Amino acid sequence: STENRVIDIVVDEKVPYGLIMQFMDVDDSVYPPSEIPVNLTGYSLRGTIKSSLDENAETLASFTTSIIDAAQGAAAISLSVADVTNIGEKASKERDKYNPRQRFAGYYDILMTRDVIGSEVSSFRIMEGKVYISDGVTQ
Amino acid sequence: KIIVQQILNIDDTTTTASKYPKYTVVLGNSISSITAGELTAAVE
Amino acid sequence: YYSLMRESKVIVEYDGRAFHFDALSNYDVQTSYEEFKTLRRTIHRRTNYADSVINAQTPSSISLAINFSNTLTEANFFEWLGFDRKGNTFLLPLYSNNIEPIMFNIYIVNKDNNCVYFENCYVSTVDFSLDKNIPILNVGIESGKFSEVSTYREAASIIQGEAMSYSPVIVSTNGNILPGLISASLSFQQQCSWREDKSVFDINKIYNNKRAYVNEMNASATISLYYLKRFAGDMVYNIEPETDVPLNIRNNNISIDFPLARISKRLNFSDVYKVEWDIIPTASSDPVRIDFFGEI
Amino acid sequence: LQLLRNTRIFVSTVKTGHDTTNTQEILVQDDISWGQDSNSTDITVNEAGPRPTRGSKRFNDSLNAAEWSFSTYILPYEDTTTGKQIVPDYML
Amino acid sequence: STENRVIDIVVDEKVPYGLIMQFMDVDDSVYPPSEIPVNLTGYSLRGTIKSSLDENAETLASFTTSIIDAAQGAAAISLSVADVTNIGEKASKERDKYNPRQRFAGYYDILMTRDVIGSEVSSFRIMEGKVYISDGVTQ
Amino acid sequence: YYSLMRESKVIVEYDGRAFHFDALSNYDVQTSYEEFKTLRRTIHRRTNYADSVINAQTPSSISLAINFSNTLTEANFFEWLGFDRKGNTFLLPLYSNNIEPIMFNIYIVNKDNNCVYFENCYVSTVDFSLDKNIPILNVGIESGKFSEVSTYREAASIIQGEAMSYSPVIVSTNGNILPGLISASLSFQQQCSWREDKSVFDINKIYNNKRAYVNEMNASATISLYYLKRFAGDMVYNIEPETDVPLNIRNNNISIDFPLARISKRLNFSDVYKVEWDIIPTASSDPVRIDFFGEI
Amino acid sequence: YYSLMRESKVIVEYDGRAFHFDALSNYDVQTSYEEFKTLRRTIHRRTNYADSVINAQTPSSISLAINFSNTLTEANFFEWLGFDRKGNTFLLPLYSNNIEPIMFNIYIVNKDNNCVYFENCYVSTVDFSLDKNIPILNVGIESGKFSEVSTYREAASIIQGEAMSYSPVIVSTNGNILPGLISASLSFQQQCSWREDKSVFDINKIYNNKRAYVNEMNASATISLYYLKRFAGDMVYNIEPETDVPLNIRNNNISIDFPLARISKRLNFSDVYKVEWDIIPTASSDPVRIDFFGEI
Amino acid sequence: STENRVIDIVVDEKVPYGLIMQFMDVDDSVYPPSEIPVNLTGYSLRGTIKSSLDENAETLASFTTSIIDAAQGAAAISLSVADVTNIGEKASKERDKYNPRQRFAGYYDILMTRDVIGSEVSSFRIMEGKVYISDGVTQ
């Protein structure tokens, strides 16, 4: 299927954020294709948000990251409320005509590494996109 | 939850409303059920 | 007293309520009777005058063209077509408990009591496109019986409001926007058959259809694009048919989602190379979603 | 009575809260034109026979989009508060 | 459906006129329908014709009325030649090319009541429409 | 020497007399030959060159458009079609003693002896309408054989005269005139089949059709009206199909009468509501009548 | 990067050489995939979502319109169609040793490596007319497989040169010129069928056609003339079908000869009388000849 | 079938006029519909001709009327030659383009009554139309 690496994100103001993800290897040599939980031992995650692709563009936040269930391929990433406030302050005023509650805020990437074999490491850009803040009237 | 309603006639007194018309009025200018031959024989 | 379409009116009656589709753009209708006819050639007398009788009303087709209206009343067309409803959300149920389609009733009204009434009807099609024009919704209906009549049920609060402002279409997959759109076209169906009921008991009576059964439902779409590639060796925008694509289509005010879909592709070497995607849901796909939003 | 020569043109980005920044007067040559126009649909019965009906009706159906035009001299100048060059109709 | 209360009538001038109406319950229990005459004992009918729908329009005639059979459920209404002759001079003067005899006369309205009150309601509007006169040349 | 339709001429020959339809408005004709052809593929030799022979003349269709003419000569078309004749009156016989249709013969003539001759022919259709235009009569003919020829029979007194002046149609029933006409259209037919006669005796000869038998006759009409009602509750002008209606249709100069007829109705919600009546005689009906009258 | 027909290019590859038809006037192409689909209604669950799979590429048709070119490169189309060749002369062999048609291969090329490649193809038709216009040659091709590709084989010396100047057609028999021409139209064919090869071994693989067999060849022509006669009683230019006529058709630069032919005739009474000849070779006829000549 | 009450009439100048009519009741409960002669006992006919529908329009003639065969439903109506002369004198000059021998002359109606039951009478407008005179050169 389509090799989509790209997903946009919608955080919400005044509220902490968290995302969980589950890794499965799928083999289509036999039908229907077989889906298997990835043993997530020894992997690690990073990622950062900044206001533009530019090489000088300032960082707005970085993710807290943790493994959740290594035998089940579960991991999670999150942002504290203070980070969310910084996003909301820095973000655009411009609104979006499809949903006026959303405001553009920056670009993100959750670069992931494996260090499992031979004590030597490798890294790849598993997921990428834009991030928006949704406004909230409840404080 | 559901509510059903109908107009309150003068003849029906009162009863539960219903999902159909009840009465029918039929109109004509004349009676075809009686012949002059019958009505005349009856008087005669 | 003549009559005029330019001041005709349409009223839909259902559930003991009535819907005034004020914002009609067009409609078309016919009515007819079926006849049995034989010429009975016979060597005693090579008769030249036919023997014939009229038996039944033909099932009229009805066709409507309707503009999208703020206050959304036309969503009831999907409700009658047999989507399940959750506020403004509509869903196809993956399997359905109906056998008969949802029957409903139609008045056509005009000045001078010059009115017409269609007694049993069902929706067979809803169909529209976002093709760079004010989106007009077509409907195909059938009706099994008609008559002329002197009067109609009033309807005045359930009136189709003002037309929604224009806005441009977007297509996306997992929030990837798709480059170089040309059009999107959608259709939804409720294929049905009338049960033929005519009997020797009906002899010397006029006959009508009275009941029909649902054969099938369909949801399907077409998309037209300009052919584009990111880099020559790329694979993501090739011709080959993808499968299990999640697909989302929207305007400002309308949204449609296929959670998983199968895509056929066709390519045309017109003066600018064009591609058509044919879309269908997969057997395992979840309920396709539709939403409406009112403009402020 | 409205005399055309007394005409003045103001443009704005807004309906309300007009100011010297969101709103701008412009010069014109006296060749300005503007307006809006009506489409009207006429119907009549085409009939045969010896003693035909005869009348007609018509209905106002829709309006065209409004249209305007005007012409202006090109006039570059220095913005007195900034020293930058501009023309009076930069917003256009 | 709706009650079809709207009916229009044509009166042939210089000749008496009469209309009969029967009130029935109906039960659709079997193919030959179980229709039953309603008892009309202690009911009465009123009706009038006026030239226009207005607070002070001219009044042309009042119907003669009676019950023929309280158990066959039949009432009748009628107009004499004197009434319809009074119509024929005050109905309008227009004539159709294909139908020269037919002239508009007025609006009519039939109202029924119990002679002894149910009090919660006492009467209802059976039927209404308009009246045309057909000109005629004999006596 | 070329040839030109604008100076072509048509002559009909029958009964040892000849009819000059001078007032022709148009005509159309084709001629062709049938051929037998086989390619005889064979594993000895996959032959590429076909083996074929011409056998027979195709039965030509002929089509004519004719204006109505004072001196009425075109009535002979109805006479040949197989109406019985009583002066200017024509009647359909309720049953007919013919088997073969009335055979007749046609010359097409032009300058420079450049003439064509059609030997056996029969009328298959006569068809016209009174639709607010100078009434033009179409004819459909078939002919079983043709040839080119150097000469033709003269005809000079039996010439179709001057065209009759325009006049408006009327429709009526028992002397009731019918309000709001739009059109009337008529057709009359003599459906026939050629008897296929080709035999192994005909081998290496060209073959023609030579005889045909009458399958059927038809008389039928259509009327278009605006939808009208006298008063809302009326019954006389409803949709429902009447039967046993006596019906009469005329111009100033032509009259048609159906003593009893069956009427189908169809209604169309065009911008002004329109009704079509389909007319046919009933089995018990008397002979339909046609009359012609010359203008002074 | 978009793409444009106005700067597209076509290259034909065969025999390990490549032909650049520079002088293309037009082309048209489609591509598609076949799918198997079932809806599996079941009284346990009246499923509404279809089950379907894509299996095979459809055999694309290809259509080309080409101007005649000095340097004559397009003669290779006749060579591939299966004429035998003798310098510039082409001949139909009276019977043929082929079973499979001559397979060849096609590139469609554009800017930005945006190229397409059609792998197995055969010619089904060549067709043209001399109808008072610059003679344009149509070709119909089929191809059994396609794919997109980043590159193409260069071709630069085998380029279709400049267009030949106009000249008027002549028709003749034994050196008699034929009076009053209107047009000549020719077609040549190589009717074929693909052998369906799909097998249960192909399950879960995409399938293509791979081989076809020749059903038939045809050579045929039509001529349109004005009807003319030398003197009224003449016989040479009658309607009747001649046979064993030697017939020769040419321009300045192209010549076609049928050593013996069979002629059908059809006549049309249009405003000027017109005749069509339908031409075919006789079974005993010798090889039809075609020649090309370059303008100086 | 169509409830046609309307027929026009063509009298001829210098010649007396007479029309015969036959009454049949037709019942379509059973097929084909059964046609039965009406016993015409105790019925009576009238009718009149006048030059317009107007209430002041002068009478031109009145019919002689008689029953002919009461058991067979036969009756007849007629006009004497003098009446015909009066028609011809009063009638229009205008001719008719479909038949120039016909001239318009007036309106007619043949109102019919029954007095059979209980010595009480009722009346209805069985047939109606226009009447024309055809001119004749033979005197």
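As written, the chain order gives the labels A, B, C, D, E, F, G and H, with residue 1 at the start of each chain.
One rule holds for everything that comes next: contacts are C-beta pairs under 8 Å (C-beta built on N, C-alpha and C of every residue); 3 or more make two chains touch, one makes a residue touch a chain.
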{"item": "Mutual neighbours - chains that touch chain B and chain C alike", "value": "E"}
{"item": "Distance-maximising chain from chain C - centres being C-alpha averages", "value": "H"}
{"item": "E-F or B-H, whichever has more C-beta pairs in contact", "value": "E-F"}
{"item": "Length of the line joining the C-alpha centres of chain A and chain B, rounded to whole Å", "value": "76"}
{"item": "Centre-of-Cα separation between chain D and chain B, whole angstrom", "value": "67"}
{"item": "Centre distance in Å when chain B and chain G are each reduced to the mean of their C-alpha atoms", "value": "81"}
{"item": "Whole-Å gap separating chain B and chain E, where each centre is the average of the chain's CA atoms", "value": "16"}
{"item": "Set of chain F residues in contact with two or more other chains", "value": "170, 226, 232-233, 271-272"}
{"item": "Touch relationships between chains, expressed as pairs", "value": "A-C, B-E, B-H, C-D, C-E, C-F, C-G, D-F, E-F, E-H, F-G, F-H"}
{"item": "Contact footprint of chain E on chain C as seen in their complex", "value": "113, 149-153"}
{"item": "Contact set on chain F toward chain D in their complex", "value": "130-132, 168-170, 180-183, 226, 271-272"}
{"item": "Chain H contact footprint on chain B (complex, rising order)", "value": "36-37, 39-40, 43"}
{"item": "Sites on chain H touched by chain B in the complex", "value": "39, 114, 116-118"}
{"item": "Footprint of chain C on chain F - complex, ascending", "value": "92-96, 216-217, 226-229, 232-233, 238-239, 241, 262, 264-273, 280-285"}
